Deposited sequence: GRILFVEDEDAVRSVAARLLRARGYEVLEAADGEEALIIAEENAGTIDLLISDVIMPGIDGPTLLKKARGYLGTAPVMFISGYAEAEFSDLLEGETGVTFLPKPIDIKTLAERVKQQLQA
């Protein structure tokens, strides 16, 4: 499954991305919404899931969704934070077992 994972905190993003790759997903990482929007455009219609932090330097995750939803098609979207159809919310700190369960549910 091709996941676009948008998270400004490098160590949080990298852990989650590596653990998702260990489960067989392709994970395209972005550190901000402006990078994510370019990735979404260049991969339009091939992304299966967007996972995004809510509050990030630059545009927030929900604004990214508004800009990127067309490139994402019907892909589900999962927002994450320590604080439109197919939109879910997972609190931080992220538990990998729960993250993997939710990714699987949204993709199946």
| item | value |
| --- | --- |
| Non-modelled portions of the deposited polymer sequence, in sequence order | 84 to 94, 120 |
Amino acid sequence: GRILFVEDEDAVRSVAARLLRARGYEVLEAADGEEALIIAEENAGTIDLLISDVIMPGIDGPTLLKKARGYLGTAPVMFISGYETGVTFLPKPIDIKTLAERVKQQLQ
From here on, numbers count along this sequence of modelled residues.
{"item": "Of 16 to 24 and 92 to 100, the stretch whose C-alpha atoms average the higher B-factor in the entry", "value": "92 to 100"}
{"item": "Stretch with the greater mean C-alpha B-factor as recorded in the entry, comparing 74 to 82 against 50 to 58", "value": "74 to 82"}
